[PDB]
file coords_7.pdb (PDB, C-alpha atoms (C1' of nucleotides))
ATOM      1  CA  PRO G  89      97.875 100.724 110.210
ATOM      2  CA  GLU G  90      94.522 100.138 108.574
ATOM      3  CA  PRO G  91      94.076 102.349 105.485
ATOM      4  CA  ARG G  92      92.338 105.642 106.171
ATOM      5  CA  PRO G  93      89.371 106.482 103.962
ATOM      6  CA  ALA G  94      88.964 109.958 102.552
ATOM      7  CA  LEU G  95      87.387 112.766 104.516
ATOM      8  CA  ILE G  96      86.314 114.319 101.203
ATOM      9  CA  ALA G  97      83.704 112.915  98.856
ATOM     10  CA  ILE G  98      83.671 114.589  95.437
ATOM     11  CA  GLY G  99      80.887 113.953  92.947
ATOM     12  CA  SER G 100      81.004 114.093  89.192
ATOM     13  CA  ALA G 101      80.888 117.605  87.770
ATOM     14  CA  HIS G 102      77.790 117.856  85.588
ATOM     15  CA  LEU G 103      76.503 120.645  83.383
ATOM     16  CA  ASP G 104      73.965 123.032  84.881
ATOM     17  CA  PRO G 105      70.715 121.107  85.514
ATOM     18  CA  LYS G 106      68.575 123.549  83.551
ATOM     19  CA  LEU G 107      70.995 123.511  80.617
ATOM     20  CA  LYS G 108      70.973 119.704  80.718
ATOM     21  CA  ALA G 109      67.160 119.737  80.597
ATOM     22  CA  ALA G 110      67.264 121.967  77.507
ATOM     23  CA  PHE G 111      69.224 119.246  75.699
ATOM     24  CA  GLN G 112      66.884 116.333  76.374
ATOM     25  CA  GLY G 113      65.941 114.502  73.186
ATOM     26  CA  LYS G 114      67.947 116.978  71.073
ATOM     27  CA  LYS G 115      70.481 114.398  69.908
ATOM     28  CA  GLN G 116      71.872 116.827  67.313
ATOM     29  CA  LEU G 117      72.631 119.408  70.000
ATOM     30  CA  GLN G 118      74.287 116.897  72.325
ATOM     31  CA  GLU G 119      76.695 116.079  69.488
ATOM     32  CA  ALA G 120      77.311 119.796  68.872
ATOM     33  CA  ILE G 121      78.740 120.267  72.374
ATOM     34  CA  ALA G 122      81.896 118.639  71.021
ATOM     35  CA  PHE G 123      83.899 118.807  67.806
ATOM     36  CA  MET G 124      86.750 117.092  65.972
ATOM     37  CA  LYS G 125      90.176 118.438  66.720
ATOM     38  CA  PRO G 126      92.648 117.234  64.064
ATOM     39  CA  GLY G 127      95.883 115.596  65.090
ATOM     40  CA  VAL G 128      98.902 114.695  62.975
ATOM     41  CA  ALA G 129     102.523 113.845  63.709
ATOM     42  CA  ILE G 130     105.168 115.326  61.459
ATOM     43  CA  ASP G 131     108.346 113.558  60.388
ATOM     44  CA  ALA G 132     111.308 115.484  61.775
ATOM     45  CA  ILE G 133     113.555 115.114  58.718
ATOM     46  CA  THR G 134     111.009 115.402  55.885
ATOM     47  CA  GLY G 135     108.760 117.902  57.652
ATOM     48  CA  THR G 136     105.754 115.939  56.398
ATOM     49  CA  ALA G 137     103.015 113.932  58.077
ATOM     50  CA  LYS G 138     104.133 110.533  59.315
ATOM     51  CA  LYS G 139     102.279 107.522  58.038
ATOM     52  CA  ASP G 140      99.672 106.152  60.474
ATOM     53  CA  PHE G 141      99.920 109.204  62.725
ATOM     54  CA  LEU G 142      96.624 110.887  61.835
ATOM     55  CA  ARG G 143      93.950 111.153  64.500
ATOM     56  CA  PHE G 144      90.697 112.991  65.072
ATOM     57  CA  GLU G 145      89.692 113.687  68.655
ATOM     58  CA  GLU G 146      86.417 114.743  70.203
ATOM     59  CA  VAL G 147      86.839 117.871  72.268
ATOM     60  CA  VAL G 148      84.227 119.709  74.309
ATOM     61  CA  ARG G 149      83.717 123.435  73.869
ATOM     62  CA  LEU G 150      85.331 125.777  76.350
ATOM     63  CA  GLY G 151      83.121 127.851  78.596
ATOM     64  CA  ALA G 152      81.441 124.869  80.231
ATOM     65  CA  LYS G 153      80.738 125.549  83.878
ATOM     66  CA  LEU G 154      80.344 122.262  85.730
ATOM     67  CA  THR G 155      79.568 121.751  89.404
ATOM     68  CA  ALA G 156      80.131 118.743  91.664
ATOM     69  CA  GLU G 157      78.627 118.186  95.077
ATOM     70  CA  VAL G 158      81.309 117.765  97.736
ATOM     71  CA  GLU G 159      80.982 116.291 101.217
ATOM     72  CA  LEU G 160      83.506 116.809 104.036
ATOM     73  CA  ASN G 161      82.699 114.222 106.712
ATOM     74  CA  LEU G 162      85.224 115.687 109.138
ATOM     75  CA  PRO G 163      85.677 113.851 112.450
ATOM     76  CA  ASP G 164      83.572 115.007 115.381
ATOM     77  CA  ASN G 165      86.628 115.703 117.562
ATOM     78  CA  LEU G 166      88.665 117.610 114.959
ATOM     79  CA  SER G 167      89.924 120.932 116.299
ATOM     80  CA  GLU G 168      89.140 124.310 114.742
ATOM     81  CA  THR G 169      92.828 124.667 113.873
ATOM     82  CA  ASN G 170      92.778 121.320 112.065
ATOM     83  CA  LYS G 171      89.544 122.274 110.309
ATOM     84  CA  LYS G 172      91.245 125.408 109.012
ATOM     85  CA  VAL G 173      94.218 123.308 107.893
ATOM     86  CA  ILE G 174      91.921 121.102 105.799
ATOM     87  CA  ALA G 175      90.169 124.145 104.339
ATOM     88  CA  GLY G 176      93.544 125.721 103.617
TER      89      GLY G 176
ATOM     90  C1'   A Y   1      74.709  88.860 112.218
ATOM     91  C1'   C Y   2      76.568  94.988 108.954
ATOM     92  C1'   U Y   3      78.258  99.184 102.152
ATOM     93  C1'   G Y   4      85.714  97.500 101.835
ATOM     94  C1'   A Y   5      89.346 101.200 101.464
ATOM     95  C1'   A Y   6      92.458 103.720  97.816
ATOM     96  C1'   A Y   7      93.339 104.629  92.361
ATOM     97  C1'   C Y   8      93.138 111.369  86.878
ATOM     98  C1'   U Y   9      91.619 106.927  80.879
ATOM     99  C1'   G Y  10      96.031 109.053  80.993
ATOM    100  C1'   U Y  11     101.133 109.445  78.369
ATOM    101  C1'   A Y  12     103.976 110.825  73.370
ATOM    102  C1'   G Y  13     102.317 112.958  68.525
ATOM    103  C1'   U Y  14     102.745 120.697  64.320
ATOM    104  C1'   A Y  15      96.202 119.044  59.958
ATOM    105  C1'   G Y  16     100.485 118.836  57.394
ATOM    106  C1'   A Y  17     103.547 118.178  52.380
ATOM    107  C1'   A Y  18     103.170 119.516  47.145
ATOM    108  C1'   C Y  19     100.448 123.410  43.972
ATOM    109  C1'   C Y  20     102.171 130.728  39.945
ATOM    110  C1'   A Y  21      95.030 133.111  40.356
ATOM    111  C1'   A Y  22      96.478 132.120  35.896
ATOM    112  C1'   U Y  23      95.653 131.719  30.113
ATOM    113  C1'   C Y  24      93.671 134.787  25.267
ATOM    114  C1'   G Y  25      92.254 140.001  23.829
ATOM    115  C1'   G Y  26      95.811 146.960  19.469
ATOM    116  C1'   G Y  27      90.915 151.606  23.539
ATOM    117  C1'   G Y  28      89.368 150.310  18.453
ATOM    118  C1'   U Y  29      86.705 152.285  14.028
ATOM    119  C1'   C Y  30      82.216 154.327   8.265
ATOM    120  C1'   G Y  31      77.617 154.121   5.615
ATOM    121  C1'   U Y  32      73.997 153.190   7.044
ATOM    122  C1'   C Y  33      68.592 154.317   8.116
ATOM    123  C1'   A Y  34      63.496 155.020   6.640
ATOM    124  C1'   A Y  35      59.660 153.717   2.001
ATOM    125  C1'   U Y  36      57.340 154.965  -1.417
ATOM    126  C1'   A Y  37      55.889 158.255  -5.715
TER     127        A Y  37
END
call {"tool": "encode", "arguments": {"input": "coords_7.pdb", "output": "structure tokens"}}
result
Amino acid sequence: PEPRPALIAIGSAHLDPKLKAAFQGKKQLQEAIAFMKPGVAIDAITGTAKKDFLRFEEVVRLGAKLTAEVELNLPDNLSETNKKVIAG
RNA sequence: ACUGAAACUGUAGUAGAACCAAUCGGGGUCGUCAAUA
């Protein structure tokens, strides 16, 4: 069989459009949405940090509400039972 | 003379080891102060 495409299209989840507008040109604020989380690996016998295993990771603050547009291009003939299966 | 489809930038990883909030100090003891007549 030929490969089926998806019935669901799912956009990228972006920050609220008005919040995004508030940020424009405020480079310092865009950086402040995220922060360094430290990361280190400990040696199991010495209980001390391994060599090499020290990392700093950008993480984005919790509380972000993002929304993505979704499209369900369901077939024209699909039954109401099968619609409710997809929704389920 | 016809939009390729489908695919999580994810997986493993202790911001930790070492470091004395500490060193010295009798709750003690005597003559000063003012300037003239």
call {"tool": "closest_residue", "arguments": {"input": "coords_7.pdb", "among": "G:110, G:137, G:132, G:122", "to": "chain Y", "atoms": "all atoms listed in the file"}}
result
G:137
call {"tool": "interface_residues", "arguments": {"input": "coords_7.pdb", "of": "chain Y", "to": "chain G", "cutoff": "6 Å", "atoms": "only C-alpha atoms (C1' of nucleotides)", "output": "ChimeraX atom specification"}}
result
/Y:5,13,15-17
call {"tool": "write_last_selection", "arguments": {"input": "coords_7.pdb", "atoms": "C-alpha atoms (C1' of nucleotides)", "output": "PDB file, in the frame of the given file"}}
result
ATOM      1  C1'   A Y   5      89.346 101.200 101.464  1.00  0.00           C
ATOM      2  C1'   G Y  13     102.317 112.958  68.525  1.00  0.00           C
ATOM      3  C1'   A Y  15      96.202 119.044  59.958  1.00  0.00           C
ATOM      4  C1'   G Y  16     100.485 118.836  57.394  1.00  0.00           C
ATOM      5  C1'   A Y  17     103.547 118.178  52.380  1.00  0.00           C
TER       6        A Y  17
END
call {"tool": "closest_residue", "arguments": {"input": "coords_7.pdb", "among": "G:112, G:123, G:118, G:168", "to": "residue 145 in chain G", "atoms": "all atoms listed in the file"}}
result
G:123
call {"tool": "closest_residue", "arguments": {"input": "coords_7.pdb", "among": "G:171, G:115, G:102, G:108", "to": "residue 155 in chain G", "atoms": "all atoms listed in the file"}}
result
G:102
call {"tool": "atom_distance", "arguments": {"input": "coords_7.pdb", "atom1": "CA of residue 119 in chain G", "atom2": "CA of residue 146 in chain G"}}
result
9.8 Å
call {"tool": "atom_distance", "arguments": {"input": "coords_7.pdb", "atom1": "CA of residue 150 in chain G", "atom2": "CA of residue 117 in chain G"}}
result
15.6 Å
call {"tool": "atom_distance", "arguments": {"input": "coords_7.pdb", "atom1": "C1' of residue 18 in chain Y", "atom2": "CA of residue 124 in chain G"}}
result
25.1 Å
call {"tool": "closest_residue", "arguments": {"input": "coords_7.pdb", "among": "G:160, G:114, G:170, G:176", "to": "residue 95 in chain G", "atoms": "only C-alpha atoms"}}
result
G:160
call {"tool": "axis_aligned_box", "arguments": {"input": "coords_7.pdb", "around": "range 159-174 of chain G", "padding_each_side": "4 Å", "output": "AutoDock Vina command-line options"}}
result
--center_x 87.6 --center_y 119.6 --center_z 109.4 --size_x 21.2 --size_y 19.6 --size_z 24.3
call {"tool": "resolve_selection", "arguments": {"input": "coords_7.pdb", "expression": "the PyMOL selection byres ((chain G and resi 101) around 12)", "output": "VMD selection string"}}
result
chain G and resid 98 to 100 102 to 105 152 to 158
call {"tool": "build_atoms", "arguments": {"input": "coords_7.pdb", "residues": "range 128-142 of chain G", "atoms": "N, CA and C atoms", "output": "PDB file, in the frame of the given file"}}
result
ATOM      1  N   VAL G 128      97.960 115.349  63.868  1.00  0.00           N
ATOM      2  CA  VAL G 128      98.902 114.695  62.975  1.00  0.00           C
ATOM      3  C   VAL G 128     100.303 114.833  63.548  1.00  0.00           C
ATOM      4  N   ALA G 129     101.132 113.831  63.293  1.00  0.00           N
ATOM      5  CA  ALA G 129     102.523 113.845  63.709  1.00  0.00           C
ATOM      6  C   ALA G 129     103.364 114.060  62.470  1.00  0.00           C
ATOM      7  N   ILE G 130     104.299 114.968  62.565  1.00  0.00           N
ATOM      8  CA  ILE G 130     105.168 115.326  61.459  1.00  0.00           C
ATOM      9  C   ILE G 130     106.511 114.626  61.585  1.00  0.00           C
ATOM     10  N   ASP G 131     107.025 114.157  60.449  1.00  0.00           N
ATOM     11  CA  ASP G 131     108.346 113.558  60.388  1.00  0.00           C
ATOM     12  C   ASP G 131     109.414 114.636  60.513  1.00  0.00           C
ATOM     13  N   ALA G 132     110.354 114.433  61.435  1.00  0.00           N
ATOM     14  CA  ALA G 132     111.308 115.484  61.775  1.00  0.00           C
ATOM     15  C   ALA G 132     112.287 115.805  60.656  1.00  0.00           C
ATOM     16  N   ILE G 133     112.637 114.835  59.818  1.00  0.00           N
ATOM     17  CA  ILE G 133     113.555 115.114  58.718  1.00  0.00           C
ATOM     18  C   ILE G 133     112.832 115.602  57.469  1.00  0.00           C
ATOM     19  N   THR G 134     111.723 114.974  57.080  1.00  0.00           N
ATOM     20  CA  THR G 134     111.009 115.402  55.885  1.00  0.00           C
ATOM     21  C   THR G 134     110.108 116.600  56.126  1.00  0.00           C
ATOM     22  N   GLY G 135     109.738 116.874  57.371  1.00  0.00           N
ATOM     23  CA  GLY G 135     108.760 117.902  57.652  1.00  0.00           C
ATOM     24  C   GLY G 135     107.363 117.602  57.173  1.00  0.00           C
ATOM     25  N   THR G 136     107.055 116.344  56.893  1.00  0.00           N
ATOM     26  CA  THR G 136     105.754 115.939  56.398  1.00  0.00           C
ATOM     27  C   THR G 136     105.097 114.991  57.390  1.00  0.00           C
ATOM     28  N   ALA G 137     103.783 114.851  57.252  1.00  0.00           N
ATOM     29  CA  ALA G 137     103.015 113.932  58.077  1.00  0.00           C
ATOM     30  C   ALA G 137     103.577 112.524  58.034  1.00  0.00           C
ATOM     31  N   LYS G 138     103.792 111.945  59.216  1.00  0.00           N
ATOM     32  CA  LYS G 138     104.133 110.533  59.315  1.00  0.00           C
ATOM     33  C   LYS G 138     102.978 109.682  58.817  1.00  0.00           C
ATOM     34  N   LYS G 139     103.306 108.524  58.260  1.00  0.00           N
ATOM     35  CA  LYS G 139     102.279 107.522  58.038  1.00  0.00           C
ATOM     36  C   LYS G 139     101.698 107.068  59.370  1.00  0.00           C
ATOM     37  N   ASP G 140     100.412 106.710  59.346  1.00  0.00           N
ATOM     38  CA  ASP G 140      99.672 106.152  60.474  1.00  0.00           C
ATOM     39  C   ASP G 140      99.256 107.219  61.474  1.00  0.00           C
ATOM     40  N   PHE G 141     100.067 108.254  61.627  1.00  0.00           N
ATOM     41  CA  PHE G 141      99.920 109.204  62.725  1.00  0.00           C
ATOM     42  C   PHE G 141      98.944 110.325  62.375  1.00  0.00           C
ATOM     43  N   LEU G 142      97.703 109.941  62.092  1.00  0.00           N
ATOM     44  CA  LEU G 142      96.624 110.887  61.835  1.00  0.00           C
ATOM     45  C   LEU G 142      95.435 110.506  62.694  1.00  0.00           C
TER      46      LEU G 142
END
